[PDB]
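Each chain, letter by letter, is given below.
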Amino acid sequence: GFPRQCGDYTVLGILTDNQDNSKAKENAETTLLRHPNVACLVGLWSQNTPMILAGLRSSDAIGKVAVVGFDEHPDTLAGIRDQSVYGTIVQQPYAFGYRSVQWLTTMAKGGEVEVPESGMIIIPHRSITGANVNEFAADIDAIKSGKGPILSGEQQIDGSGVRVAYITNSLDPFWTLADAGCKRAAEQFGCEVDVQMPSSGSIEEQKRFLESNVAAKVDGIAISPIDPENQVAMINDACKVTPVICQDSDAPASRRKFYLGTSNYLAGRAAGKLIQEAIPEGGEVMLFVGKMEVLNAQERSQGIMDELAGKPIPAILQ
Ligand SMILES: [Ca+2]
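Under the PDB entry, the name given to the protein chain is Sugar ABC transporter, periplasmic sugar-binding protein, and the source organism is Rhodopirellula baltica. The title given to this entry in the Protein Data Bank is "Crystal structure of ABC transporter system solute-binding protein from Rhodopirellula baltica SH 1". The UniProt entry for the protein chain carries this comment under Subcellular location (unreviewed entry): "Cell envelope". In its Sequence similarities (unreviewed entry) section, the UniProt record describing the protein chain reads: "Belongs to the bacterial solute-binding protein 2 family."

**Observations concerning helix α3 (residues 74-81)**
Within α3 the residues assigned to the buried category are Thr 76, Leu 77, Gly 79 and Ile 80. One side of α3 holds all its buried residues, which, seen down the axis, span an arc of 155°. Elements in contact with the buried residues of α3: α2 (48-58), β5 (87-90), β7 (126-129) and α5 (133-144). Backbone geometry just after α3 places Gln 83 at a positive phi near 70°.

**Some details on the side chain of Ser 152**
Considering the arrangement of structural elements, one finds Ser 152 in the loop between α5 and β8 (163-167). Among the residues examined, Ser 152 registers a relative accessible area of 9% and is labelled buried.

**Examining the packing of aromatic side chains**
Taken as a whole, this structure holds 6 aromatic pairs when the rule is applied. Aromatic side chains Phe 96 and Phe 174 sit 5.7 Å apart centroid to centroid with 85° between the ring planes, which places their arrangement in the edge-to-face category. Placement of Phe 96 in helix α4 (residues 93-108) and of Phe 174 in helix α6 (residues 174-189) is noted, with a sequence separation of 78 residues between them. Like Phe 174, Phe 96 is buried. Note on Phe 174 and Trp 175: the rings are 5.0 Å apart at their centroids and 85° apart in plane angle, and the pair reads as edge-to-face. Under the relative-accessibility criterion, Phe 174 is labelled buried at 18%. When its relative accessible area of 2% is taken as the criterion, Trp 175 is described as buried. An aromatic cluster is built from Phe 96, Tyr 166, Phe 174 and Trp 175, whose rings are joined through pairwise contacts. One cation-aromatic arrangement involves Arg 4 over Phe 2; the distance from NZ or CZ to the ring centre is 4.3 Å.

**Description of unusual backbone geometry**
Look at the link from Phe 2 to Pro 3: it is a cis peptide, with omega at 0°. Structurally, the position occupied by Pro 3 is in the segment before β1 (4-6). The phi angle at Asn 18 is positive, at roughly 50°, despite the residue not being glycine. Its relative accessible area of 60% is what places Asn 18 among the exposed residues. Even without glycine at this site, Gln 83 takes up a positive phi of about 70°. Looking at the element boundaries, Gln 83 is found in the loop between α3 and β5. For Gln 83, a relative accessible area of 72% corresponds to the exposed category.

**A short note on the domain arrangement of the protein chain**
The domains assigned to the protein chain are domain 1 (4-91 + 263-308) and domain 2 (93-123 + 153-261). Here the C-alpha centre of domain 2 lies 34 Å away from the C-alpha centre of domain 1.

**So, the sheet that holds β7**
Taking strand neighbours across the sheet as the criterion, the 7 strands line up as β1-β2-β13-β3-β4-β5-β7 in an open arrangement whose pairing is mixed. A strand with exactly one partner marks an edge of an open sheet, and here the two such strands are β1 and β7. Sheet twist, expressed as the mean angle between neighbouring strand axes with direction ignored, is 25°. Where strand β3 (residues 38-43) and strand β13 (residues 283-289) come together, 5 bridges link them in parallel fashion. From the neighbouring strand, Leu 41 faces β13, where its bridge partner is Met 286.

**Regarding the layout of surface pockets**
Where empty space is left can be seen by rolling a probe of water-molecule size over the atoms. Of the voids in this model, the largest pocket is the one considered here, and its volume is about 740 Å³. Surrounding the largest pocket, 23 residues form its lining, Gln 91, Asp 248, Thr 262, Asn 296 and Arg 300 being those nearest its centre. Residue assignment for the lining of the largest pocket shows that the elements contributing at least two residues are α4, α6 and α10 (295-308). In terms of residue count, α10 provides more of the lining of the largest pocket than any other element does, 4 residues in total. Of the residues assigned to the lining of the largest pocket, the class counts are 9 nonpolar, 8 polar and 6 charged.

**Observations concerning the pairing of strand β4 (residues 66-70)**
The element β4 is largely enclosed, with a buried count of 5 among its 5 residues. On β4, burial covers both faces: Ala 66, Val 68 and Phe 70 on one face and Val 67 and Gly 69 on the other are all buried. With 4 bridges connecting them, β3 and β4 associate as parallel partners. Within the sheet, the bridge partner assigned to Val 42 lies in β4 and is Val 68. In this fold, β3 hands off to α2, which returns the chain to β4; that crossover is right-handed. Summarising the sheet, β4 and β5 pair through 3 bridges and their orientation is parallel. Opposite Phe 70, over in β5, you have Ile 89 as the bridge partner.

Cut-offs and rules
- Residues numbered from 1 in each chain as written, not as in the entry; some residues may be left out.
- Heavy atoms only, no water.
- Residues with missing side-chain atoms left out of burial classes, pairs and counts.
- UniProt positions renumbered as here; feature names shortened; annotations may be inferred.
- Buried < 20%, exposed > 50% of the residue type's maximum accessible area, 1.4 Å probe, protein only.
- Helix = DSSP H or I, 4+ residues; strand = E, 2+ residues; numbered from the N terminus.
- Arc of directions from axis to C-beta.
- Contact = heavy atoms within 4.5 Å.
- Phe/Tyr/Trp six-rings, centres within 6.5 Å; stacked < 30°, edge-to-face > 60°.
- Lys NZ or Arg CZ within 6 Å of the ring centre and 35° of its normal.
- Domains from an automatic or database assignment.
- Pairing = 2+ DSSP bridges.
- Axes fitted to C-alpha atoms, helices over the stretch in contact; angles between N-to-C directions.
- 1 Å grid on protein atoms, 1.4 Å probe; cavity = no way out; pocket = protein on both sides within 12 Å on 5 of 7 lines; lining within 4 Å.
- Points joined across faces, edges and corners; volume = space filled by probe spheres on them.
- Nonpolar A, V, L, I, M, F, W, Y, C, P; charged D, E, K, R; others polar.
- Right-handed = clockwise from strand over helix to strand, strands pointing away.

Right, dumping it as structure tokens:
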């Protein structure tokens, strides 16, 4: 129940808008009006921070309340640059593609990939603030012009003769950065990567990619399954002949070797840290999201509150 005391912070509630932009803006406006002491507004989904800023502008309150968000909507980055948004937490699709190619090429060459018993490798979020937002935009520019960073540093891997496949779940812009990551790793390691995108986002399209990769005898496959419960068989058939890993979305019931993805819970803890840096003295916090029935909204808000409360992480590391 709300309000909830989290250390020196009071989470007043989680306001839902069902992705209606004008309702998201209204929620921000009524929050400012009914809670004159509110200190930070937090947008849990990509659109919420732009509508928080819209509500602050209508209330003449830009800069009077701190703002923290998720993702890199252009209005969110503009707000970071003009200091009305303290920072935002973004995913790293480029590292999804790059590391998938890196780890599949390493296994194809006999090397080992350290994977925990959970079978999950967490690709780190990125925290963007006013202090590093120009470094972020420069990184994105470099990536788009085909000169993205070599995440593997000095580590040499001879991937010539290795052929791997990288299967997305759609033609979303998220996959354009991952595609650049695949091609940068392939150039770095000398391997060949087939980036395969299901144009209409159906499992039947992914099934034909999987069967083509088996017929081509690829050395490894990374896939973001569209409907994991109903793709266990087709993934297992590929696993019989070649290593399959999951990326971005997981099929934990299948024979896939491991999963790499984002931890929305740890992304929430990172946003909790941005809140703490935006208002070190504490105060009232309001969260905003489309709906709370979605898993990533539950994980992001729970991570925020656990971080503000200083909740100790029951963790395994070895
Ligand atoms: Ca600036």
